[PDB]
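> The following block contains the structure, expressed as structure tokens.
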Protein chains: 2
Amino acid sequence: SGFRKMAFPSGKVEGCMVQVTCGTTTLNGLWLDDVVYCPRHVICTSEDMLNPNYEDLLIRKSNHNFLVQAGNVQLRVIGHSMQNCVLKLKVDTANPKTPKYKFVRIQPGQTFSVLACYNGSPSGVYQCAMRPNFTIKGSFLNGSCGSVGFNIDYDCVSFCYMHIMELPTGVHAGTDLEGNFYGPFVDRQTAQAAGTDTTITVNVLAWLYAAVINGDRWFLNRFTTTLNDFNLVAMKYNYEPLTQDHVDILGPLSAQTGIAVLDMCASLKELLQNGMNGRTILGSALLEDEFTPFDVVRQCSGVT
Amino acid sequence: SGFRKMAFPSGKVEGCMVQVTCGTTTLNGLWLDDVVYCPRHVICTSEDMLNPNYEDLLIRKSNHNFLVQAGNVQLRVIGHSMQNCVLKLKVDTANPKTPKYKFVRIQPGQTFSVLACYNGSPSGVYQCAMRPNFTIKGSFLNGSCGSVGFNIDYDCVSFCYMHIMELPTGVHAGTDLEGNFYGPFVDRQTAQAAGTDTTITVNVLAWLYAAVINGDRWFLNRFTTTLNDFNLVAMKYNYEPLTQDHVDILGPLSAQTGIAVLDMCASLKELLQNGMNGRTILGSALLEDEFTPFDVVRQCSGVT
């Protein structure tokens, strides 16, 4: 009963979070095995951020300039390396809390859990979707950089994102754990274009399905629509075009509810064209696209 | 930058979660020190639930009938006791992960983090507010009973709630850790009245403040209102009456934004009377009352 945005437990990732201080900059780092991963802008000052020649800036820096701290214990840095926009600091100690883990570059529309931290200490945890434009809508203050997004699959933690930059929209941009930014963004204090953010249609249709499963079916219509015809309305409202694969994924849901995907699409088409007339689906007066079909299934199944 | 509903890290509570099985019922239990806390309806069958004489039902049950399991290890139950609607099972082993903790009965309007579990295993984590009518809007399936709500204060975990019952609204009801239900609810499968749910006004005014802090100020009006006059409009729209203490709490916020509390109340009064005209505050097309003024401050401060 009830459907809520739900983050994965943070316990395993909690133990992998360390304070990284370079000069006057302090942020968060991820300690797995002998390596601590941090955004490379820890080396940069305010002035450095505007035009950073990170290669040149790193040459000045040396292992002893990096202050890695777990709790109240410091780690011996015995090597620095810069992979893309992330710096990997080799340390003497393996993290004994290092869990089964993978590093995955996530596809747009996918979702993950952010463990937001400050000075190596976990503050809180919330769900995020990788927006199609490769931004995210998080909560990130100064020193939250290095905070990571993850999914869990039983024992394994698939790390997918590391917070690096805030955009003037208010939204956020970051890398995969190999240091490649999601999107056309860079670690520089320059004007940055957060392009047209489109709605993850498949994810809204899953939420609609989730609503039906929880007994909200006011939106339901008496008719259907075609892929082509639906997408003709999707485009107008800046929705991602729906694909046959999207349909296939929304199948178990379609099945479980005894409702066809295109009939659901027709209900969305009315909801877009006509609005919601002051009503709410699942306690929300607008359409939610940060719910993957797996996410809806996982709550409905009750997977742990 | 950005404001998101945010749960407390779940790591410490994760280690305090155990599977409790009585006969054919399995649910979640909280292992702190030598005691495991669980909803007493674990003893009850389906038929037992309709008219349970828990005193009589417990006399039949004996320690060996209680299957407490952590991971893949079982605990020796050496005593059972029923405090109100919670059963405390003494076990041989102390939880070595038992953290600094308190048991607090929470006031309505207060918020907490739910660590939703199944069979003793944490599934996910989300924020909840204790609705004025003493229900909550969670996500709880069969076997999520025993899942607990908590707040953290640095080292200490203040446990405040334990999930016990689902109401036909879809919403949820549970106890404090001493086993007293929040509200006029009971552990019985009977029709239960989830009375008029009023809006936590102070919490909406904090969210409005949080929006201002994040740069959303379209709602802002050019005028003010009085306590009496505002509450005259609050009542109509099923809002909690605003108190001088509510004002005092919303002070640091009022201060930080350079906006007076009653001017904010006037903006709310328009928002209530007139709606939102298709616009959104903080990515939401309706007013949010699950944000305590402390909650808004904690994100804005960045407390860890």
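Residues 3264-3567, in that order, are what chain A shows, numbered as in Swiss-Prot.
The backbone N, Cα and C atoms fix where each Cβ goes, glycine too.
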> Would you mind telling me which one of A:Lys3353, A:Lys3532 Swiss-Prot calls ubiquitin cross-link?
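Going through A:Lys3353, A:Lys3532 one by one, Swiss-Prot annotates A:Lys3353 as ubiquitin cross-link.
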> Using all protein chains in view, find how many other C-beta atoms are within 10 Å of the C-beta of A:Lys3268 (ubiquitin cross-link).
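Cβ-Cβ neighbours of A:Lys3268 (ubiquitin cross-link) within 10 Å number 21.
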> Could you check which of the recorded positions (A:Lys3268, A:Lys3353, A:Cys3408) sits closest to A:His3304 (active site, for 3CL-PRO activity), going Cα to Cα?
A:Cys3408
> Taking Cβ distances under 8 Å as the criterion, give the subset of the recorded positions A:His3304, A:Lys3353, A:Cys3408 near chain B, ordered by sequence.
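Qualifying residues, whose Cβ lies under 8 Å from chain B: none.
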> Check each residue in the chain of A:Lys3353 (ubiquitin cross-link) that is at least six apart in sequence and keep those whose C-beta is under 8 Å from its C-beta; list them in sequence order.
A:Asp3297, A:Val3298, A:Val3340, A:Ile3341, A:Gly3342, A:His3343, A:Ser3344
> What whole-number Å value do you get for the CA-CA distance of A:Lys3268 (ubiquitin cross-link) and A:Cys3408 (active site, for 3CL-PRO activity)?
23
> Tell me the coarse DSSP state (helix, strand, coil) of A:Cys3408 (active site, for 3CL-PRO activity).
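It is coil.
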